[PDB]
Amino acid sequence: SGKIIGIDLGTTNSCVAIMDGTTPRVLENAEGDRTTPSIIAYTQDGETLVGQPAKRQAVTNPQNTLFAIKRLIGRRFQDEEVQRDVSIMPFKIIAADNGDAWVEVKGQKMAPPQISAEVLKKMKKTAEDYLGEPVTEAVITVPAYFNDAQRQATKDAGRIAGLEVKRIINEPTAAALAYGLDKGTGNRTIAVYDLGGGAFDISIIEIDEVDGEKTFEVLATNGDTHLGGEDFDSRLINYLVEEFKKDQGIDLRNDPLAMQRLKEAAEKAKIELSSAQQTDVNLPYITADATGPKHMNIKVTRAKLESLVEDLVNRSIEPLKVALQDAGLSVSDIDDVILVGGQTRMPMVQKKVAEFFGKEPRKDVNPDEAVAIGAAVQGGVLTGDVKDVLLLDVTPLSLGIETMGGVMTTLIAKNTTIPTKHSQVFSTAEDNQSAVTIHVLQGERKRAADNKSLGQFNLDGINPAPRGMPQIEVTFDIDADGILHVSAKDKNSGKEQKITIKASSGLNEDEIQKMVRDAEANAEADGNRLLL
């Protein structure tokens, strides 16, 4: 087995922690850094770079430097978010054979779980170097608002990296574990607002101590898995592209090398503007034309930055309201506001959040490391080293089936505690109907057509009978990772026959095993309602 390490696999930065006895501990990587860039680069010389070495050559090799893959993992190629990023990213995003979003580097097509596995592999090696023994088990983090496919593809990424994924933990829940292990015998209700490089979560969580045992219960969660600092940077990049075009007549978007330089300068400027009132983007020799070489030199004030991204910040406030509604609490029921994630260092974000809650956020939380610490505490709860700690999480989205008339029937509502087993009995719509179609849906809308479709299977062999009489029991089962299986069985089957499916499109076992072996090639180289 070995130690169960905790990995914060982030859109921008990743971080690994372990239990040092009863104390969680973040690990420096080989470069001496407590976090590692989630960046994967393939060189012309054919080496695979992860982290800071990948980062520092991105400007000379943008097309084969992969980043922000957490914004693609488990997504369909036809996702509106993916379609937007196809034009924006320097690397090649393509459709896999099953329609998932994939990436092509130097002619080879790659599943995002393979790429993320490179980051996980680095984090795995970092712990091994520290511990001086192999690591094969891990808790890996995902955004609370990750859907089923995104969770499953992240779990695959860990398997491809040689890790047995003992738990997929939602990122605000990990942050709550890290925050609440310290504090004593005081009942607390907390709001965890996690704005990162790629995702945004809000979770409302109660921490109660029954008698010596701390219970962590998510009351509600919400967010946006494609809202993050990458979007703040993009707004600044577009403004710099526009300002340079206006007073120089050159559109830098044709130039992938200039755009990689521009992306890096914009993120640097954004960051400096969290403590300064103004700063300069200086890019010498950014381009050239018939009149000669050209340089970008433009002042960016905090005020300009704030107007460029204010609606992104406001976009994070609306999920807060829904989360308080689903928890049935007002802002004054919230004892502590916790800001997690690098993008929460922006003063405007801090000000908007504090104003909404009417309360200043806690300062005794590490916004870069609380998620990793919590992943590691989770692993100590699983082994048993951490005791008297109970975790009660939820699933974020409403899930059900289509019943007769295009109607979505919900078997699991958003914010139901997990693991979950919800069953309901359905019947045939016609007479002597020999099969029913089980069509799985995710969403809140009344019509089945307005929700997202997740999968479908048919349960056949229903004995001919009047309409409404057969008893078809459909069961929705969600495990501790937030991943869903859907079952249907005819209650009068002699052998009690039941069909079960996974809820999401993803890798099959042939692909994973091939990718697992490619990952060791690289490591040696280095009833009432009616169913139609």
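Residues carry their position along the shown sequence, with the first being 1.
Q: If you count the residues of the deposited sequence that sit between residue 526 and residue 527 but have no coordinates, do you get none, 1 to 3, 4 to 9, or 10 or more?
A: Per the deposited record, the segment joining residue 526 and residue 527 lacks coordinates for 10 or more residues.
Q: Could you check the entry and say whether 14-22 or 507-515 has the higher mean CA B-factor?
A: If you average the C-alpha B-factors of 14-22 and of 507-515, the larger mean comes out for 507-515.
Q: Got a sec? Mean C-alpha B-factor, which is higher, 103-111 or 342-350?
A: Per the PDB record, 103-111.
Q: Tell me, please, which of 318, 326, 393, 247 has the highest C-alpha B factor according to the deposited entry?
A: Going by the entry's C-alpha B-factors, 247 comes out highest.
Q: Name the residue from 333, 148, 369, 450 with the greatest C-alpha temperature factor listed in the entry.
A: In this record, 450 carries the highest C-alpha B-factor of the candidates.
Q: Sort the modelled residues of this chain by their C-alpha B factor and say whether residue 70 lands in the lowest, middle or highest third.
A: Bottom third by C-alpha B-factor.
Q: Using only modelled residues of the chain, where does the Cα B factor of residue 416 rank: lowest third, middle third or highest third?
A: For residue 416, whose C-alpha B-factor we compare with every modelled residue in the chain, the answer is the middle third.
Q: Which third of the chain holds residue 463 when residues are ordered by C-alpha B factor: lowest, middle or highest?
A: For residue 463, whose C-alpha B-factor we compare with every modelled residue in the chain, the answer is the highest third.
Q: Going by what the PDB entry lists, where does residue 299 fall on CA B-factor within its chain: lowest, middle or highest third?
A: For residue 299, the deposited C-alpha B-factor lands in the middle third.
Q: Taking only the Cα B-factors deposited for this chain, tell me whether residue 477 sits in the lowest, middle or highest third.
A: Answer is middle: the recorded C-alpha B-factor places it there.
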